[PDB]
Amino acid sequence: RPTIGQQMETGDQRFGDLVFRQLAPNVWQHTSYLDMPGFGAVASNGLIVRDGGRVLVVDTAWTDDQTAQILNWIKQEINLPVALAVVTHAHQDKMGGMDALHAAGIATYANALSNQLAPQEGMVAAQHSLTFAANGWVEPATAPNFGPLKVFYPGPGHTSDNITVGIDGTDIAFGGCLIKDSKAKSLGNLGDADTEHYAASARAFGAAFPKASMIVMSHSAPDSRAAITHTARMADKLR
Amino acid sequence: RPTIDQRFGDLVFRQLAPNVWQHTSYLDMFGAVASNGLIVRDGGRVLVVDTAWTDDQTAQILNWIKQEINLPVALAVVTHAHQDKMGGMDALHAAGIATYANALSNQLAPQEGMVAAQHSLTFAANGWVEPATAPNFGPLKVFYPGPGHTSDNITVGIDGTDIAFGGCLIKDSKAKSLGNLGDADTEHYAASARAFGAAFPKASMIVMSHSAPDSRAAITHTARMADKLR
Ligand SMILES: CO/N=C(\C(=O)N[C@H](C(=O)O)[C@@H]1N=C(C(=O)O)[C@@H](COC(N)=O)CS1)c1ccco1
Ligand SMILES: CO/N=C(\C(=O)N[C@H](C(=O)O)[C@@H]1N=C(C(=O)O)[C@@H](COC(N)=O)CS1)c1ccco1
Ligand SMILES: [Zn+2]
Ligand SMILES: [Zn+2]
Ligand SMILES: [Zn+2]
Ligand SMILES: [Zn+2]
């Protein structure tokens, strides 16, 4: 029962300290929890995607130990090798577990800017850098063999480096910490945010994946496209 | 722009009724966390419900009161032993303000990192404050609804207004969860939320610690979320 983040409901599997929810035949959401003394636990969500005989991960958990638990869940429930992970910006909820991925021998990818920022936050860069076109689409040569992961940089918003991921062959897109849920009272932590460009970036994510009906995000349960439009409307108020 | 109106220094004030204002203060951690309390004008004096998160913020509340109302602050009632409600006790005491809390809040206070109030409120089995422990409370009607967000949580209605204050017990009607349940009584929470509603059956404006004022649907929704904890 986290203080911040969705609660457990039917469909969820508790595994160690984490929760897993199947979203599609080949897509699961991982959820891990950071305890803040005096405040309680904060949930963060990422994705696990099966692509034939391999698995792809989006985001670490908050810590190495929690991230190793994700890998243990994958071993138990899927029993296929993890080919690569993509992490969606240089904050602890998304990149706190890089060492566990590296120890397991998993190739890691992040926005070049996230890799440049990571050490400034005490964290470990991904081993490979993604770069983007002027319209936000990832440069394909930087994202080799990504299978159904369609990476899109929507512009600065929650952070300047935030990226998003569509899951090709499904109706799911992942907004990470850029997108908040359709009932959210606020845009979360704006400490590293670009308040001028946020609204346009949220809308750009929606336009990049115009047919995604299930929007997955870091700190609330999967939602409708109203998460994207509500996020953009909250962001409009920041300018 | 907290992670979780009149600006005055680091605080925000909102008038809810001719003699009632909501105070809001922010704890920067992750980002800033808002907490709300109340300021009430009665009979030439001001009564405060809850401190801000810190002594300095609470001193700013007293300064706002000086500038906007300019009447003596007679007493404060604080609604449980957590930082959002009791973090500023020293500032109230320095200013000569008499402070009141549930006896249990005062006993938990040091263990929770808080300075105890000067006076202890006690309660009947039905939840209503024992009158002799709450002298000169004016329109404040203090009710202990049972364990919920914490075992010590109390609530406050304002007679002659449409307002009741649920503090951290009550969450808003659109809330996804009950906030921090680390110190909560998950078995009794739903009954306690319902007891608050029944204690203040007339109140149409429900004020709470971590959301803007809401309708009575906040009570109903909070109880229903709490039913699920059992
Ligand atoms: C380097 O990052 N350090 C983190 C961290 O990852 N914080 C992130 C952030 O602040 O952007 C998390 N992400 C957030 C987000 O809006 O995406 C918020 C979520 O917290 C809530 N309740 O919104 C704060 S917690 C941290 C320290 C303590 C809690 O989080
Ligand atoms: C002793 O209290 N220490 C506090 C504190 O006041 N915490 C309170 C609590 O945990 O109940 C606050 N109250 C809460 C509540 O549900 O009433 C939550 C609100 O935080 C959120 N966004 O739910 C966490 S912050 C604290 C320490 C560090 C941050 O807050
Ligand atoms: Zn972030
Ligand atoms: Zn985040
Ligand atoms: Zn509390
Ligand atoms: Zn609280």
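The numbering of chain A matches Swiss-Prot: 32-270, in order.
Using N, Cα and C of the backbone, Cβ positions are placed for all residues, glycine too.
The record from Swiss-Prot ties A:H120, A:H122 to Zn(2+) 1, and of the options A:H61, A:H133, A:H159, A:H189 it ties A:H189 to that site too. Take the Zn(2+) 2 site that Swiss-Prot assigns to A:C208, A:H250: the candidate from A:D96, A:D124, A:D130, A:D225 listed for it is A:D124.
Restricting the binding-site residues A:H120, A:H122, A:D124, A:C208, A:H250 to those with a CA within 10 Å of the CA of A:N220 (substrate binding site) leaves A:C208, listed by sequence position. Proximity to chain B (Cβ-Cβ distance under 8 Å) holds for the following binding-site residues out of A:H189, A:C208, A:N220: A:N220. Counting Cβ atoms from all protein chains shown, A:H122 (Zn(2+) 1 binding site) has 26 others lying within 10 Å of its own Cβ. Apart from the site residues A:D124, A:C208, A:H250, the chain places the Cβ of A:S75, A:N76, A:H122, A:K125, A:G207, A:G219, A:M248, A:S249 no farther than 8 Å from the centroid of the site's Cβ atoms, the recorded Zn(2+) 2 location. Closeness to ligand 1 is met by A:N220, these being the binding-site residues among A:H120, A:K211, A:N220 whose Cβ falls under 6 Å from the molecule.
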